[PDB]
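Shown next are two forms of a single protein chain, provided one at a time as structure tokens under the names structure 1 and structure 2.
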Structure 1
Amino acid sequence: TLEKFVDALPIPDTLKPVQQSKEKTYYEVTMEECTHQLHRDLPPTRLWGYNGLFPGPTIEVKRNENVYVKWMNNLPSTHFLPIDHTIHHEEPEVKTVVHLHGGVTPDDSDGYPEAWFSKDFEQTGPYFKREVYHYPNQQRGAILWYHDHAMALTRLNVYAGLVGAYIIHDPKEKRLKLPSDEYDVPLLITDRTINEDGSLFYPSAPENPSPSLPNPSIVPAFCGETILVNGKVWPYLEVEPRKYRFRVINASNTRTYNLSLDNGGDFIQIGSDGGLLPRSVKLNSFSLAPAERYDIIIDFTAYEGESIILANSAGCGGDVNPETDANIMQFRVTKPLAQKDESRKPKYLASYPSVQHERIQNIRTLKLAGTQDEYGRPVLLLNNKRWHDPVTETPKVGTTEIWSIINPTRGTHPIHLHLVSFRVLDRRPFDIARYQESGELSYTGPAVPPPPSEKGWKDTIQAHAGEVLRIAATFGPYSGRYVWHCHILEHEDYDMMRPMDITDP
């Protein structure tokens, strides 16, 4: 039973380039088995870490900076977490590939799940093309993050510790004078279950498993008993009584958070997955599903001396427990001011999306569903296709589509499209039983436009149960072979992921 708020929040160091010039910035990152202590009272934990760190180093780039990262695997040939060998398939047991989540990235640098590699690239997957990924960064400033994306192993490799932040700074943002430097802090939130000996627990099977069930077996969801921020269990952060910017990243496998401050204070949302909102939005609470990012300002100016808990009210396999998962971290407003707070919390942030969208080239209707496998396990599917089935989502480069995502299942799925960001058009409830019985879509209420939080640009979006969600994206500027998928990792791996081919005629 781990005492809350006894370790300081780590802030990952900013990765330094191996080589840098005005034309090119070159980085190296090596995946390593490592050990770090996750709580004051735990023995050190075995982990897989980018450059031996959990989370990985934070990478900072400018818009249009010509960046190269050689992601290397120096991992052991056997996993320390339970591999289910029935969900896919001579290949190595341990395979890896890094996806820069949110990256406007050429397809062979996107971290395709079948572009994996084993240690030193000894073996490579069928869609591997290159060692050194290229990130031209021709996109709006935003909070990105990087993490493993290997076929059939993503839930394990991420849970092992392969996550890191990547921030794109646009020099144009600077006139806004948003909190910066030490007043701009990433918060990577990961839930974990940890054994008494300090080792990570990840389930090798569902509860009360039939003896015919593979062993190990995948589970459809995982809720951790403990919450970590930047690699420490329920940490505290000393802050100055002034404005801070936080880059809030949900890097958890399944868990959705619903965040608040326990003094009833407000957040100011300045940004979503895809960058700055056109206007700042004052929020008392916000939902944050796997792979979503909220760029927020918290103004501690009026709370000097106070301890304020960043709290959580979203359940995960049950109601939050006030003593455990209802807590994320604690702010202590006890750091003396190092200088005048010259930062701002502006109302006006950026241009609205150009109202003159392109013409709608196509409208895809897509269903979230699940069948059962030969062992009785749920298999989560996009439009009843398996990963290996021939590609059906085939937008043309430079064209705009609307995707209507129909969710008749009992849960929310956070759906991520690679390469692009998109606008959220609306959500609308429908008759679930009728849809299940006849395949016919009968709305039970009007279309609800998104909340202000979702009026800018998104790349990972919650599709709630009993709703049709509509989004719009322009597919470009690159063509090639990408993916879209649920970002509950346990779903992603079996098998709620599909190829997405962006074509050039």
Structure 2
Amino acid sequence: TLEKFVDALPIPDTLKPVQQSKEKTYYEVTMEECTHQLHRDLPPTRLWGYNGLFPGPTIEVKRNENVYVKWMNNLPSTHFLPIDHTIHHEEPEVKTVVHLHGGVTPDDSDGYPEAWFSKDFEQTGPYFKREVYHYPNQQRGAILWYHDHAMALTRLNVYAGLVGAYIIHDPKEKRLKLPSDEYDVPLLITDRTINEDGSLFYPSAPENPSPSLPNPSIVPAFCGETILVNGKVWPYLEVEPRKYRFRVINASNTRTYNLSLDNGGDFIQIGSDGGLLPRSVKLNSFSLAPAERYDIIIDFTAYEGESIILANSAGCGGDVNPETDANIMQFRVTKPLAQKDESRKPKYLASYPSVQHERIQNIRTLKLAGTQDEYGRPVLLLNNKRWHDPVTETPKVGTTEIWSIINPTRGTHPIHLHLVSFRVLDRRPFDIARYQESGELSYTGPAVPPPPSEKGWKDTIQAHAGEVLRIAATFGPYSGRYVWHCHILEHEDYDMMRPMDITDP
């Protein structure tokens, strides 16, 4: 097992524009097969990287900044990870498309799974319109991130290394004096399994595969043996004894983390997926499922000299192993102060989302279910529909709906809707055997309103087993063709994803 905390945390450089003016900012990002050492003791690992980097470069934009990105595929024509040809039915093997997660984006710049392109746009999927994506950024300051979304290949192209951070800065938040600049640090967390030769391992089949199974075969879940942050296995970060802001992004395929500091110190949560909370929240720990973001302050002022482990208590296919996946990274409070800490950790951050009083146009009830294929594998389905079935989720532009998500399965699914952020209304336990036998929904306890961490704006939300989760979303300001899906990539690809039409009457 790799020795923990021997590599310094990489800080991705901030991408420089190819062209910028006051009316427009223009970037170019090229997907490249590259090699990078992931740990002191490993040979360099072959990866797919935005601009040949893992993670990709951090993009930083201002609210309402008029941004264009030309995302280019300059990858090999063959993949290096195991492709299952039975999950989707002449197309190029390597297909890519960039989704800016949390982006308030016109539909043809949103990275629709069927808007894929091969190397140099030589072949393009049926929903492809444009090479240069347009991000108007007319939305709250928040932590976003970008990753590959290509139909039936997401779990592989993301696992290969196609992820990066994207920060929107709202200049009206500056007066809050949150830690900034070098004291504001993204933490992109990805679990990986790495072979002795340093090559990525991703399973070609379930363990002890029925001889029925195809080869390769998709697996329902991926749990990595090692944890990386910003592309290094279990790294350390040297910090000054003062306040830092961290943008924590879970960029893992399946794995959920439950994070804490091993010296018992607090996080101060200042933000969720959709931006600043109305009030900061002190937390001893927090759950973070794939695609969720936490915007937090950690105060190292009282901890000079100490080494503090960011620890993880959430299992993935089993309990955490204290020597490995119980560890994320280590902070070392040994860097001298560069200047007085002038940052703040204010209580009052933003307006409450509940100041809004929108009419409920529609209430959808959606179930998380599935079936078994001709090979005996589980196929995960939203409302027992396939991706290819005619669209059923058709909200009207400008209106607000409540979605009631029924989860009678054994696990949590982190549910994500494109375009919008939403409010969490409540969660409520129900009798699973009764639901499965009759389709009748019988509650076993009262509704539970969201904890303070879920009283801001969310875009990816944990829907736990044996519960009904209700959220409220306003669909806008764009109309068009989007998606909603589980953000466990192994579920998403087979087949837990649905189109979503936002209609203009």
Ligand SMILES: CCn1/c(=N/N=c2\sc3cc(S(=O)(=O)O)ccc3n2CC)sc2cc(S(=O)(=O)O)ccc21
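Quick note, the numbers are simply positions in structure 1, starting from 1. Think of the rigid core as the biggest set of C-alphas that the two forms share within 1.5 Å after superposition. Shifts are known only where both forms have a C-alpha.
Participant: Quick one: identify the form solved without the named molecule, either 1 or 2.
Facilitator: Structure 2, not 1.
Participant: Upon rigid core superposition, which of the listed residues (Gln356, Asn208, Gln339, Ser351) is displaced by 2 angstroms or more at its Cα between the two structures?
Facilitator: The one that shifts is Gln356.
Participant: With both forms put on the same core, how far apart in Å are the CA positions of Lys22 between the two structures?
Facilitator: C-alpha displacement of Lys22 between the two structures: 0.1 Å.
Participant: Segments of at least 3 residues with every CA displaced 2 Å or more between the two structures, core-aligned, in sequence order?
Facilitator: Flagged stretch (3+ res, CA at least 2 Å): just 354 to 357.
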